Structures are given as structure tokens and as C-alpha cells.
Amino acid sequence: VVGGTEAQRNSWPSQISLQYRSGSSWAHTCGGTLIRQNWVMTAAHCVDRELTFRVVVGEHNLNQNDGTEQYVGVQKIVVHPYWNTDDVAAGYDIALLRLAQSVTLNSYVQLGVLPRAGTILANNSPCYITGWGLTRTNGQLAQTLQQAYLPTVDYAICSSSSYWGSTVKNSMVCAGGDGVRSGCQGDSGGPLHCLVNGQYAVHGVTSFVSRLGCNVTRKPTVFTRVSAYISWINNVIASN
């Protein structure tokens, strides 16, 4: 997250860190959202590599003992069947991870609430992106979980030629674009949390930014629109 602030450690208890095994250690690669005690929602592109993955719930500082973490292996990966790694602009950037154990819930570890199917946010709706991703374009991962205020940019604006044009689909949510605040590498797969009727819900899965950089004016961060995938999510969890 470029232009973020440090999250309070109990603000976003559905946020997870998706890590892969790297020699004798683990490396953060992506975010995700805990949606069942044994299921995480992330981006498909975060799991294209043939890596060994784990999920960390109750994580705040990637580099220090928080006293709240639970570490759990990924047992099964179900990528959306229409995903194509060489066409992120087509959409379908979503995957579900079944965890090897069910995590224990507490003020640091909660299920993310998803919107009702078909819900579309008014332009300029209040949302936060969260994650441990780069804090500058071509920078480094954050140590502590970051949040940035990223209001939505509706499809009509986002798909206009000075924004994303044809690259954005109605199956996506755009947010931000102010040139200061954005998602960045390492945020992918994590949530966009939007305040609706007094409660935050996870409306987006972080998918892409411009090839020119993270915080580029009129290139809002692009997310998979969770509310387009409710039936898919429910069907995968029911069949696995």
C-alpha cells in the first residue's frame, strides 16, 4: 500500500498473509480474506506459481512476533475456471484456498463479510485497501499492516479512455486513482473493505495496477468485484 497508515491490530481481522516457502524461510507474497474457518479468498494470479503456500491469520507485523498469529498450510487451491494468467484484464482473478486446519476466531481472526450478490457501489464510496505490499512503486514490503483510504471509481469513469479504457470490466471494482494512495505489489489477493449501511464488507480482491507504477493518477487500483462471484464461491465451498 502506497500512501497508507498503519492499521490498528484489530481493525481488519479477516486479512491474511499468503506466504510461500523460500529455502528455510517463508516469504509474504499476497493478501487474502478469511471467509470460513477453513477457507481463504485470494486472487488467482497469486497462486499461478507451483509453490508451497501457507496462510497466516492474526498477523500484524511480518517481521516480529505479534503473539496472535496462527500458521496453517494450504490443502487445496480452487482457481476460477475461466482465469487466464496471460489475460488479467479479462477478469476472473479469484481463487479459494482450503486450509489444512480450521483456524480459531478471536478479535484478531474473524470471517470477512461479503456483499450480497450483484451489489454495485455508488461512485466515490468510502473504502480502505489493506495489505503488506510495497510502500512505494519499486519499493519494499511493509512490515506492519497498512490501510489506505481509496474511494471507488464507478465503471463509467473507470472504463473511460483517460482511466483504464477497455481494460476494466464490470466484473471489477476500481478504487483510488489520486496519484498518492494505491495498492501495490504484495497487496494482491487482499481485501478492499467498503462501508455500507454501517458495516464494512469485502467488496474487492486486489488484482492489478498500471505497468507504469502503483500510485498513478487516473489508474485506480483494480479489484475483482466480489459481488459478481457469490454463487461461484458458495458452489466451490459446497462441493469441497
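Sequential numbering from 1, following the sequence displayed.
Higher mean CA temperature factor between 174-182 and 24-32: 24-32, per the PDB entry. Comparing 78-86 with 139-147, the stretch with the higher mean C-alpha B-factor in the PDB entry is 78-86. Between the residues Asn197, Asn215, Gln70, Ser207, it is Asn197 that shows the highest Cα B-factor in the PDB record. Which of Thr130, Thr152, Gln110, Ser162 has the largest Cα B-factor in the deposited entry comes down to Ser162. The PDB entry assigns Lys219 a C-alpha temperature factor belonging to the middle third of its chain's modelled residues. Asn63 sits in the highest third of its chain by CA B factor, as recorded in the PDB entry. Looking at the C-alpha B-factors along this chain, the one for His45 belongs to the middle third. Split the chain's modelled residues into thirds by C-alpha temperature factor. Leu97 is in the lowest one.
Looking at the C-alpha B-factors along this chain, the one for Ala156 belongs to the highest third.
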